[PDB]
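Novice: Experimental structure below, sequence on top.
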Amino acid sequence: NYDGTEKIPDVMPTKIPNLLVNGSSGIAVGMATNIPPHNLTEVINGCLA
DNA sequence: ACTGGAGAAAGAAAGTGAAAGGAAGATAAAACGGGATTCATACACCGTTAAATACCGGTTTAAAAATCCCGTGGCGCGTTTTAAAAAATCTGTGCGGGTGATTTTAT
């Protein structure tokens, strides 16, 4: 952490494709993102395919 | 007596709180105009007949149509203005993580 007295995970070991099913939206310097949500069953079927 | 700093007086310029009023808005009461019923009453449709009008044959004649000469103003051309519509260019705004700040009451 900032004081060097704790530990924080670098990334989560997720079982869910969260990015596609929930989307995202943010504004940065020189760029931006905009992603719509989706349906979980269709994403799972696509991953299996 | 003279000098230079400092404090106090006096005077002039700028900011101020309050000002009728008037065009510019805003809000209600009123007069209006457009639908649903309800019939009595005048209007639409059907047989009959005297009468008023359309039609044919032949004149005519006075009025309107046709023709010629001319002298103009009313359209036509070329070149400018001027609004009107269209294309181009600016102005706000909200989505989600970040930085920093404000106010009123009771005992």
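Specialist: Sure thing, it's come through. Residues are numbered from 1 along each chain as shown, chains lettered A, B, ... in the order given.
Novice: which bits of chain A sit near DNA strand B?
Specialist: Counting by C-beta under 7 Å from any atom of the strand, chain A comes close to DNA strand B at A:25-27. Yep, even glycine has a C-beta here, placed from its N, CA and C like the rest.
Novice: and which of these is nearest to residue A:42?
Specialist: residue A:25 (21.2 Å; C-beta to C-beta).
Novice: what is that closest one paired to in the beta sheet?
Specialist: Assessed by DSSP bridges, residue A:25 has beta-bridge partners residue A:34.
Novice: Which residues are in contact with it?
Specialist: A:33-35 (C-beta atoms under 8 Å, 6 or more residues apart in numbering).
Novice: Looking at those residues, which is nearest residue A:13?
Specialist: residue A:35 (21.8 Å).
Novice: Once you drop chain neighbours, what's closest to the closest one?
Specialist: residue A:23 (4.4 Å; C-beta to C-beta, 6 or more residues apart in numbering).
Novice: In contact with the one you found, which residues are there?
Specialist: By C-beta under 8 Å, 6+ apart, the neighbours of residue A:23 are A:35-38.
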